[PDB]
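When we follow the working numbering, the leftmost residue of the sequence shown carries the number 136, and every step to the right adds one. Don't be surprised by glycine CBs; every beta carbon is placed ideally from N, CA and C. The structure appears below as structure tokens.
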Amino acid sequence: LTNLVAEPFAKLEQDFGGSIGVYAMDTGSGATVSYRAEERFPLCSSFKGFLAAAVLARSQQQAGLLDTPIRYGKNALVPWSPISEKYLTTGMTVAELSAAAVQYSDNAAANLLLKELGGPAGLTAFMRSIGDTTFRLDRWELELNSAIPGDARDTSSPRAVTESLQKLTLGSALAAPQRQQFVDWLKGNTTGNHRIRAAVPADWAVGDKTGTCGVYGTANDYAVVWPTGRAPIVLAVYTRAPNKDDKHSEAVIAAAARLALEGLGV
Ligand SMILES: O=c1c2c3c(sc2ncn1Cc1nnn[nH]1)CCCC3
Ligand SMILES: O=c1c2c3c(sc2ncn1Cc1nnn[nH]1)CCCC3
Ligand SMILES: O=c1c2c3c(sc2ncn1Cc1nnn[nH]1)CCCC3
């Protein structure tokens with residue numbers, strides 16, 4: 136069971152004007168903090184984190200898969216491709232595509248990687264193989280960002296995101312090099328300095344993956360944090376709003392992350 140501080144969480148989303156989903160877990164004591172942990176939230180760009188873990192799982196079936204060169208034209212350059220478009224005239228390897236997708240939310244690199252895993256159904260198939268029965272990816276990049284209310288497409292729950300991130304970063308779902316390569320990619324993410332990272336002390340190691348749909352006030356972040364002298368903490372913070380024109384807030388994601396750490400005891 137949970138040691139929940141629901142009163143500050145409820146007032147936080149009251150000022151935000153939408154819904155906030157949080158699920159945190161102390162991997163040493165099993166204590167959990169859950170607020171709307173079973174509601175569905177649009178994944179947005181946060182699926183790229185599990186997309187890279189899927190490619191890392193296939194690298195165990197295909198040795199040296201991450202060093203495979205992949206060429207592409209402008210037609211594949213989806214808006215916001217700040218890494219893949221610089222290598223348009225030469226291409227990138229699969230490992231570089233995965234690093235760009237996780238660390239820079241590279242949309243072109245994500246579509247190119249999804250085309251190699253069997254599409255959104257292929258990535259969803261990998262999540263079922265690790266035990267995730269809530270995750271579902273339906274559309275390709277930028278289309279998956281519609282975040283329509285009541286739409287189960289391209290959604291998951293903060294609890295299922297947290298439990299899946301735990302099994303991929305600290306569990307047996309990946310081999311030791313594949314697991315360490317996943318943690319390294321999340322640690323080097325550059326998009327989450329104003330979210331979960333803003334609520335974590337600087338002397339703590341953290342690896343995160345963000346996601347911003349833009350519309351319906353839908354932004355999110357999940358991370359596994361490494362406090363000093365304690366067992367690691369895995370958490371997910373997901374937000375959405377009832378109106379299309381509603382804006383998201385990175386400070387609300389940081390504040391919810393701060394409340395989850397306090398509710399746990401760090
Ligand atoms: O090029 C960058 C970069 C780069 C970064 S961050 C960034 N942000 C925007 N942009 C511009 C952009 N292009 N397409 N969407 N945004 C680091 C490596 C060098 C290129
Ligand atoms: O934003 C940029 C950019 C941009 C460039 S280059 C560059 N380099 C780093 N960065 C920031 C950075 N990302 N990772 N390390 N540093 C051209 C278009 C505008 C944005
Ligand atoms: O994805 C974008 C985008 C996009 C833009 S701007 C932008 N800036 C940062 N990022 C990086 C990011 N956002 N949330 N997590 N990481 C327009 C088309 C859709 C994608």
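Distance cut-off 7 Å: residue i Cβ against heavy atoms of ligand 3
i: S240; result: yes
i: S264; result: no
i: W215; result: yes
i: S384; result: no
Of the listed residues the options, nearest to residue i (C-alpha basis)
i: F144; options: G165, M160 and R171; result: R171
i: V296; options: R175, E148, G165 and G152; result: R175
i: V237; options: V168, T363 and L191; result: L191
i: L247; options: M227, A188 and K379; result: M227
i: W361; options: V140, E148 and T162; result: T162
i: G153; options: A308, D380, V369 and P336; result: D380
i: residue 455; options: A366, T259, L277 and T268; result: It is not possible to answer for residue 455, since the shown part of the chain is limited to 136 through 401.
i: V350; options: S180, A166, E397 and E148; result: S180
i: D273; options: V168, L370, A256 and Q195; result: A256
i: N242; options: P217, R263, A198 and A358; result: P217
i: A187; options: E173, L258 and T167; result: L258
Ligand 2 heavy atom lying under 7 Å from the CB of residue i
i: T345; result: no
i: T325; result: yes
Proximity of residue i and residue j at Cβ, strictly below 8 Å
i: residue 404; j: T353; result: The first residue shown for the chain is 136 and the last is 401, placing residue 404 beyond what the model contains.
i: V387; j: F151; result: yes
i: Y222; j: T325; result: no
i: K302; j: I331; result: no
i: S299; j: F270; result: yes
Closer than 7 Å: residue i CB and nearest ligand 1 heavy atom
i: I331; result: no
i: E231; result: no
i: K221; result: yes
For the segment 151 to 239, which segments carrying the beta strand (DSSP E) assignment without a break, of at least 3 residues, lie completely within its bounds, in sequence order?
For the segment 151 to 239, whole beta strand (DSSP E) runs of length 3 or above, ordered along the chain, are 154 to 161 and 167 to 170.
At a cut of 8 Å, does the segment 189 to 208 reach the segment 245 to 259 through at least three beta carbon pairs?
yes
Whether or not the segment 287 to 296 and the segment 158 to 173 are in contact is what I'm after, with contact meaning three or more pairs of Cβ atoms, one per stretch, closer than 8 Å; do they touch?
Taking 8 Å as the limit for Cβ pairs, the verdict is that the segment 287 to 296 does touch the segment 158 to 173.
Just checking, does the segment 375 to 382 make contact with the segment 390 to 397 on the three C-beta pairs under 8 Å criterion?
With the cut-off at 8 Å, the segment 375 to 382 and the segment 390 to 397 do not touch.
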